[PDB]
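Novice: Just passing along the structure, written as structure tokens.
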Amino acid sequence: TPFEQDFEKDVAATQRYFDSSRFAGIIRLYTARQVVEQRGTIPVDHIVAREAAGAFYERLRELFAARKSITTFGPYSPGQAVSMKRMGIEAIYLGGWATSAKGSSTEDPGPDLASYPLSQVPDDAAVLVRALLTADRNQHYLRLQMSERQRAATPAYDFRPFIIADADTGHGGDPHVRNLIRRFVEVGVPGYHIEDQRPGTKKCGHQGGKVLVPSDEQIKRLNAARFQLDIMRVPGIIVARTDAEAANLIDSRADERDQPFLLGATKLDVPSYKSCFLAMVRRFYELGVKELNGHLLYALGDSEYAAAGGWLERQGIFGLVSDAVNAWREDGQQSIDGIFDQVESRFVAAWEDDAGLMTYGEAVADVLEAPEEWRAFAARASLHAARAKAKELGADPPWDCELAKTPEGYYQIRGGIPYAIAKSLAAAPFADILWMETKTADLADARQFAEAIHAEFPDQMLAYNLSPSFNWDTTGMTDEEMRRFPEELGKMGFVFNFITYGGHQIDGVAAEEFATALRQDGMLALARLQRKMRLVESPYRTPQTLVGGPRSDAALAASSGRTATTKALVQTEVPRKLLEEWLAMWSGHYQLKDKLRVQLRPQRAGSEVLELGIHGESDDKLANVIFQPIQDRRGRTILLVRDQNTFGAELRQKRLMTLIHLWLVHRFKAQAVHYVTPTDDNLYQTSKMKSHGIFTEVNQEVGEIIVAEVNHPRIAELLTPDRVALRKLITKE
Amino acid sequence: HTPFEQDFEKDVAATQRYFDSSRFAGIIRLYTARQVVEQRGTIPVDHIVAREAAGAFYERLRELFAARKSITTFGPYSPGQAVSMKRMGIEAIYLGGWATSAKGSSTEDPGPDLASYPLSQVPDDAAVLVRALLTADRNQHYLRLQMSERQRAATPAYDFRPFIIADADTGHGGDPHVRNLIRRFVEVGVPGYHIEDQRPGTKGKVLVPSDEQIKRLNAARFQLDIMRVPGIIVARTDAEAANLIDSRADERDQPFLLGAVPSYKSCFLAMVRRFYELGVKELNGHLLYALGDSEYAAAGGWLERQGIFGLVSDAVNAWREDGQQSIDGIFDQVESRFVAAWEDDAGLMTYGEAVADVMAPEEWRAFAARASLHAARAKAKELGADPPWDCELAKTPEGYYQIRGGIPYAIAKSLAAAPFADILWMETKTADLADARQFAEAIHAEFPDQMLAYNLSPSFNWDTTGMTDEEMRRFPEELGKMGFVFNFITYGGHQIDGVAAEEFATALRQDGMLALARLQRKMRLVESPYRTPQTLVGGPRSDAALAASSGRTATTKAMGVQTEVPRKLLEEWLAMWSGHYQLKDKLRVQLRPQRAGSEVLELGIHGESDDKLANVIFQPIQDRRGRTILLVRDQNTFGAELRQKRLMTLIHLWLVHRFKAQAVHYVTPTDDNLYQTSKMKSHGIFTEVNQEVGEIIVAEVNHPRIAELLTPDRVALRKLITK
Amino acid sequence: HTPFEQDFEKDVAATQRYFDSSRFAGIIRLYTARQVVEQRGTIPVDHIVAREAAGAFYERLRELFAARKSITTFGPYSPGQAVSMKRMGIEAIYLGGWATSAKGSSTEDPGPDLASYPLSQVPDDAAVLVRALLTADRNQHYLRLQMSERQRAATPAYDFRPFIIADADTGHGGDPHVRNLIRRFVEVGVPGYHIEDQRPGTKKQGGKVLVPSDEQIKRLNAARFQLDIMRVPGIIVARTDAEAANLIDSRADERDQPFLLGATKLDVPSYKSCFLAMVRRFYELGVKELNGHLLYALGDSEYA
Ligand SMILES: CC(=O)SCCNC(=O)CCNC(=O)[C@H](O)C(C)(C)COP(=O)(O)OP(=O)(O)OC[C@H]1O[C@@H](n2cnc3c(N)ncnc32)[C@H](O)[C@@H]1OP(=O)(O)O
Ligand SMILES: CC(=O)SCCNC(=O)CCNC(=O)[C@H](O)C(C)(C)COP(=O)(O)OP(=O)(O)OC[C@H]1O[C@@H](n2cnc3c(N)ncnc32)[C@H](O)[C@@H]1OP(=O)(O)O
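Protein chains in written order, with PDB author numbering: chain A, 12 to 380, 392 to 590, 601 to 765; chain C, 11 to 213, 220 to 276, 281 to 378, 391 to 592, 602 to 764; chain B, 11 to 214, 218 to 317.
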């Protein structure tokens with residue numbers, strides 16, 4: 012029947028899609044049929060996400076093969092996202108941290124607990140996608156107005172939405188994951204990252220209490236994600252993150268893959284950690300601190316309280332409680348917060364110490380005093407399997423992991439890179455990119471991970487996070503090592519590397535500076551910003567054009583049939609064009625035939641150190657000057673020159689650099705020029721420039737500094753608009 | 011009287027007292043206390059955030075108005091920016107439609123400021139700011155409770171009250187739209203709102225009549241009264257730059273109406293039809309109208325006589341010559357010449373100007401300026417003047433009347449609105465104190481107590497004004513003197529957000545992770561809260577919440602380097618110095634940029650009273666190989682009795698160590714500077730010292746001697762201080 | 011011709027064909043194919059739900075028009091009601107501002123039909139209906155796949171295509187507002203929209222204010238422009254409220270001028286003057302409540 016044919020057709024199409032190279036080495040826990048059953052009859056098409064996912068994945072694969080990588084950050088505004096793409100960053104990251112910090116109209120801003128509605132990050136992403144798509148429409152409108160030559164001169168930016176957004180833990184089970192993924196796709200996001208934490212379990216300001224889930228639950232999240240993406244015909248990029256490097260807890264011991272990393276007590280005559288904790292709290296309560304009534308949460312038996320009480324007595328913890336409660340009364344019954352913390356820390360240490368906390372592998376290893395054969399077996403063995411092997415070998419050490427459980431019921435695990443590897447390997451067949459969460463930026467830790475993964479999956483693309491809070495200047499790395507760090511990640515197969523909430527940070531610094539500047543220097547604060555924007559030729563210079571006014575006018579013209587009523601320059605800096613005209617004379621006299629362009633930008637971003645460059649038709653830098661203007665206390669300006677070049681030998685001793693100096697002196701109203709660590713050429717140059725009368729006086733501490741005082745009469749003479757004196761200078765008359 | 015009637019009378023009385031309070035002195039309501047109470051229903055509501063903010067914010071503005079002072083602010087583009095400006099000590103916040111338009115939302119594409127977003131858009135934006143501020147306050151207060159009383163007197167507490175004036179555009183329609191818009195602002199906690207006298211969706221600037229503007233303001237006040245919020249209503253006029261108005265009905269606008281030949285409309289459509297007929301199919305705007313043959317004929321005749329049809333032929337030929345591309349540019353050329361021709365021939369002027377051409393001259397001008405059309409005609413006919421004047425003839429195709437925009441019209445509008453508004457605001461493009469004065473003086477002549485507001489366009493090129501840097505610095509203070517109490521850089525946040533993103537993206541591609549290192553260094557130097565971002569967003573208070581929620585059962589415990606030479610080092614050296622010369626004064630070291638975001642630093646030594654005893658304004662510079670030089674531009678040991686005791690030598694030792702300096706350059710040194718550096722050479726701090734008297738000192742650092750002095754035993758250092 | 015120029019010319023040609031298709035027979039556009047393509051940018055988008063619904067829905071209406079037949083429907087107040095009426099075999103759905111006003115939202119108090127809600131309000135309502143219909147279809151189709159061939163022939167399959175004509179009120183302002191409103195409808199899958207010739211925020218029998226025909230036409234043209242950009246052949250319904258209207262906010266348009274009322278006894282003072290004078294008398298006789306005259310600055314001569 013037509014009905015059956017339509018079905019078989021889509022199943023076949025879906026099957027081809029499944030079997031395409033895109034999903035090589037990917038396992039699905041469902042059939043093409045199971046996907047088509049969900050799709051209904053009325054066509055839908057999430058084209059933005061579909062096309063973005065394709066190009067973005069192909070591009071990452073390309074960079075993986077070349078051992079290169081994208082290095083990006085999280086934009087905190089649509090403007091920031093559009094800006095990054097102009098500056099030529101290929102892809103964008105969007106994180107839950109910044110989403111948490113920003114809040115919304117109904118969500119108070121706060122810490123990254125992923126406590127917002129699951130719609131929060133997609134809602135944020137939607138703004139970025141609309142910003143990018145709009146930027147593209149505005150760019151394309153302007154480019155249509157341009158001539159072919161203008162189009163080859165002005166650059167076209169790539170505003171495709173290559174985004175990998177934060178899906179947190181999935182915000183629940185499979186219905187939550189699918190809903191979350193659906194919301195991302197619908198707004199055009201092609202990439203999503205899911206971590207192996209338990210939801211609503213995150214702590215701030217502690218180096219403890221990070222709770223993982225079993226690997227089977229993580230895998231089902233990834234599989235659920237893939238299912239949803241398949242239904243929607245979007246080849247979305249699934250990033251599987253593990254938090255196992257820094258984790259201490261897991262909410263279940265059911266999965267065999269996690270059981271090697273379970274910690275347990277070896278001294279079994281010790282009472283449970285839970286019992287001992289609650290007994291300690293109950294003692295505080297009984298001694299009269301009514302505040303600490305946490306024990307009322309549980310219904311623990313008298314036998315357990317007794318046993319636990321005995322242990323706390325022996326170890327002198329009950330002693331510390333008495334002392335603490337007495338200190339509490341002495342102070343005069345104030346916040347117990349600080350005093351309780353003191354006792355708890357000492358209690359935890361005492362329990363850990365006495366209980367003999369280790370893995371089952373470590374426990375059986377102690378009884379065997392081959393050693394290294396066992397470690398390898400333990401690391402890949404379930405609990406039931408490891409016990410069987412040990413008993414066969416005549417080892418049967420006392421080991422109980424139930425005894426080490428927290429009050430909530432979370433089991434303790436040995437966090438570290440080995441555990442991160444174990445988890446990531448299990449997840450590799452269900453994910454396109456793997457990511458080990460890290461606090462510390464360290465290439466050795468990254469290598470350990472990357473090598474272990476690639477040993478079993480040579481084609482597995484990776485991702486590396488860079489915490490904005492991590493103090494880089496405590497690593498002891500050189501500036502040059504810091505510069506190369508992103509490239510070193512790329513070499514190890516980490517293709518997508520991100521400064522999570524970079525946008526949040528730069529947004530803050532900028533607001534602080536401008537607010538301070540406005541109170542300090544009034545409207546000069548805005549003047550200085552505007553100057554900065556003109557120098558780098560920022561689009562924000564003309565903000566009406568930036569947001570898309572030209573295209574909007576066009577729309578109004580179309581809407582109104584051109585009936586809508588539309589009827590009713602002072603120089604701020606010495607223009608680059610002036611030097612280009614001088615270089616036209618110079619190029620003429622020496623008969624060079626190369627049209628010379630002048631460029632003046634900061635040598636690096638947001639630097640006071642400028643670089644003037646002379647560029648040929650091939651865009652080769654013929655000459656340059658790296659300098660920085662400095663004012664004295666009265667506002668008198670000095671040009672400080674750190675480097676200069678007329679790179680071509682056959683362009684030297686023709687006063688090319690003298691023309692540049694004349695422009696720089698005029699542009700910056702310079703009274704003097706200081707050359708720091710001059711060369712021989714520099715001594716010869718400045719001495720002759722003194723003879724031509726550009727400088728009145730020239731002092732030279734050979735090898736260290738040249739100080740050249742400007743001859744203002746002679747500058748004025750050369751700058752006369754008739755260019756008589758200037759023509760003589762160029763021709764050497 | 012029944013309980014029902016008593017409850018009513020009570021609230022009416024309470025509402026009447028509220029009406030009559032000094033807060034609303036000189037304010038006219040077009041409704042009674044009864045009319046407000048009958049809207050309120052039975053079930054209590056309380057918009058406390060907006061209510062309390064409005065009270066404090068209004069009192070504060072009144073305070074600043076009487077002292078001839080003012081708040082100078084900008085529009086934050088993020089909740090972080092809004093919280094930041096309050097830390098930096100800015101008292102109030104502006105929120106504008108421009109930035110809201112530019113940002114967009116999950117369902118709104120970002121774009122130009124046409125106020126084409128849903129009326130909920132700006133309130134939704136404001137809600138984030140209010141929540142950010144309220145949360146900042148809760149986080150601050152939590153931390154301050156943990157502090158001791160001496161820590162609380164040491165650390166400063168910032169004011170995070172939501173003093174916001176948000177953009178209500180044109181009101182987004184009639185009274186139901188205005189009330190809905192105001193309601194949405196109040197519900198999210200905004201205490202101030204600004205409404206302009208434009209026609210919606212016309213952003220060629222079209223005003224509305226003053227009666228419509230007033231009804232918007234009155235509608236706003238009504239809604240605020242219902243909600244028991246003494247909200248700050250800002251009445252803006254766009255009449256300074258306007259050319260059109262969508263009605264001639266209001267008497268207050270009639271003095272500014274321009275009037276005249282065939283109608284401007286007929287002549288325009290005939291011109292367009294000619295382009296169409298000559299073969300430019302693109303220009304078919306004439307199909308919008310059903311203009312009669314008689315009108316087309318008349319209009320055609322006029323265009324022929326004046327040679328406009330001539331210009332069309334020429335234009336269409338140029339269009340074909342180029343090769344039939346966009347007519348946009350060519351049509352504009354012709355339209356401009358056409359407009360000029362029509363204006364010229366029609367004799368386009370106000371009715372006052374028309375009768376003036378035909391009682392003294394100056395007596396008439398004064399009468400015309402305050403007279404309706406019917407009134408001005410009556411007076412003229414009585415005086416035996418009856419000039420030909422038709423304003424219908426000058427109407428645009430849409431039907432908008434033409435008006436004489438300018439500061440005089442802005443004044444006329446603002447004066448009519450003054451009894452219904454708390455703050456008046458003349459929209460301006462150009463920053464100009466003379467234009468501001470003209471406005472301020474005219475308003476204050478009739479309303480001495482009327483508070484004003486001044487907008488500062490981010491796009492306005494300040495360096496084209498010809499003002500000095502010092503004049504630019506004083507501009508905000510000069511506004512404050514003329515009674516402009518609230519002055520704002522509309523979308524400042526948008527601009528600074530952009531520059532920051534450009535720089536960091538460029539920095540990241542240029543210097544990799546050093547781009548982040550440098551940002552972090554900057555944050556440490558100014559001691560920014562963003563240094564510890566976990567604390568900033570409110571982690572400490574969140575942990576407390578988790579402890580309460582869990583009864584301290586939730587597991588938080590586990591089982592199984603100096604980045605810069607610290608200021609403290611110098612403080613310890615100054616403790617030795619203070620000791621030897623027996624000063625009782627504990628000396629504090631401060632090193633911040635001399636002005637915001639500058640490479641030029643200022644090290645300052647501060648006493649217990651926070652008086653600056655000494656300072657050094659310097660800036661580190663690298664050569665091409667990375668070698669560092671300290672460039673000193675100024676230096677002071679301000680107290681004469683603290684001089685020649687090697688105070689400045691200790692500071693230099695620290696600066697040289699902190700910045701790994703190989704040399705020190707002093708630019709435009711004084712005599713004291715020559716004496717100082719010469720003696721510092723004798724103590725061995727410098728190896729060589731060259732001095733071009735009055736111009737520059739170059740001092741090369743003696744690394745052996747620096748290392749010696751920095752030895753942790755401080756033997757050499759002790760000798761230096763005491764000798 | 012460069013690849014850039016070729017891609018442009020291609021889309022303009024495609025757009026021109028679309029313009030000239032029979033679908034838009036007798037329809038005037040005040041803009042060119044070029045002016046539409048200029049707006050579209052580079053990155054593909056596709057509003058397929060609205061596009062396909064618009065096609066089928068328009069063809070079906072044309073069919074019924076030629077047969078002198080019609081769809082008789084109502085406005086569903088819930089997604090359940092919308093799905094239900096399709097089961098009962100009603101072909102198309104209406105969605106009105108009245109019900110949207112009466113229902114309110116999480117931030118909008120329910121109230122009279124003044125179209126004072128944000129312009130996003132009715133599209134937000136429509137989005138629920140479209141999702142309800144699309145979901146009903148997916149649920150139906152899932153069950154029908156489980157059924158045998160015989161069962162399929164037995165049990166009827168309902169048509170849950172989103173044939174909706176939704177209320178765009180007056181356009182909620184000028185062309186930017188209309189285009190934004192239309193865009194929001196299309197994005198959620200609505201293929202039909204109705205725009206009336208009233209002045210916004212003017213609704214109250219009597220006191221019904223119309224706008225000139227040139228302004229109404231520009232709304233419709235602005236709507237068409239937006240639909241063309243988005244490649245959706247959307248059904249534009251032009252409503253007139255002129256049957257019961259008494260007022261118009263301008264006399265500029267020639268088409269309305271035949272219907273203008275005027276005074277023939279010219280020795281009578283203006284209606285405005287007489288109204289304000291009446292109110293001022295109440296005020297002067299001591300009713301302080303009636304101070305509406307303070308809104309205007311009417312001269313002494315006019316008051317006299
Ligand atoms: C700035 C610093 O602190 S680092 C030192 C700068 N950079 C370098 O040393 C890199 C190598 N050097 C160079 O590239 C070039 O020689 C530069 C940049 C120093 C000078 O560039 P040029 O284009 O040659 O300078 P320009 O032509 O303006 O020279 C000005 C005068 O000095 C003369 N001059 C320049 N270099 C020399 C030389 N090596 N020997 C003799 N005379 C010289 C020129 O002939 C000219 O005088 P003239 O026209 O009367 O003969
Ligand atoms: C920095 C520029 O670009 S120009 C700005 C210069 N600033 C001023 O002129 C402001 C007023 N002057 C001053 O405050 C001083 O010049 C300052 C800034 C040097 C501060 O002075 P001090 O804190 O006394 O500097 P300090 O004591 O470290 O001087 C180092 C040596 O020079 C000596 N010295 C300082 N001033 C004098 C002087 N006027 N005459 C002789 N010797 C002097 C000191 O005694 C010391 O040597 P000694 O103790 O072995 O004899």
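For each residue, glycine too, the CB sits at the ideal point set by N, CA and C.
Tell me, please, whether the region 220–235 of chain C touches the region 408–426 of chain C by the rule of three or more beta-carbon pairs shorter than 8 Å.
Specialist: no
Novice: What do you get for C:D377, buried or exposed, if any count of 16 or more other CB atoms within 10 angstroms of its CB means buried?
Specialist: exposed
Novice: Would the region 567–581 of chain A and the region 115–126 of chain C be scored as touching if the rule is three or more Cβ pairs under 8 Å?
Specialist: Yes, since at least three Cβ pairs between the region 567–581 of chain A and the region 115–126 of chain C fall closer than 8 Å, the two stretches touch.
Novice: Just the C-alpha distance for C:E612 and C:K625, rounded to the nearest angstrom, thanks.
Specialist: 14 Å
Novice: Under 6 Å Cβ to Cβ from C:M391, same chain only, skipping five residues before and after it: list those, please.
Specialist: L415
Novice: Could you check the C-alpha separation between A:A616 and A:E459 for me, to the nearest Å?
Specialist: 57 Å
Novice: Counting pairs of beta carbons, one from the region 456–470 of chain C and one from the region 289–308 of chain B, are three or more of them closer than 8 Å?
Specialist: no
Novice: Is C:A376 helix, strand or coil when you go by DSSP?
Specialist: Three-state DSSP puts C:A376 in a helix.
Novice: Between the alpha carbons of B:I38 and B:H57, how many angstroms are there, rounded?
Specialist: The alpha-carbon atoms of B:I38 and B:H57 are separated by roughly 24 Å.
Novice: In chain B, what lies closer than 7 Å to A:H151 by C-beta?
Specialist: Going along chain B in sequence order, the residues near A:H151 (Cβ under 7 Å) are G51, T52.
Novice: Should B:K221 be flagged as near chain C, meaning a C-beta pair shorter than 9 Å?
Specialist: For B:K221, the answer is no, since every Cβ of chain C falls outside 9 Å of its Cβ.
Novice: Return the residue from the list A:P128, A:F173, A:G349 that minimises the CA-CA distance to A:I103.
Specialist: A:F173
Novice: Who does A:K653 pair with in a DSSP beta bridge?
Specialist: A:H647
Novice: Along chain A, in chain order, which residues have C-beta atoms closer than 7 Å to that of C:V359?
Specialist: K589
Novice: Any idea if C:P13 is buried or exposed, counting beta-carbon neighbours within 10 angstroms, 16 or more meaning buried?
Specialist: C:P13 comes out exposed.
Novice: Smallest Cα separation from C:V359: which of C:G372, C:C287, C:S333?
Specialist: C:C287
Novice: Please confirm if the region 238–249 of chain C is in contact with the region 186–194 of chain C, defined as three or more CB-CB distances below 8 Å between the two stretches.
Specialist: yes
Novice: List, in order along the chain, the chain A residues whose C-beta lies closer than 9 Å to that of B:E228?
Specialist: Per Cβ cutoff of 9 Å: no residues; B:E228 is ~10 Å from chain A at best.
Novice: Taking a cut of 7 Å between CB atoms, which residues from the region 38–67 of chain C lie near chain B?
Specialist: Within the region 38–67 of chain C, the qualifying residues are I38, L40, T42.
Novice: By DSSP, does C:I100 sit in helix, in strand, or in coil?
Specialist: coil
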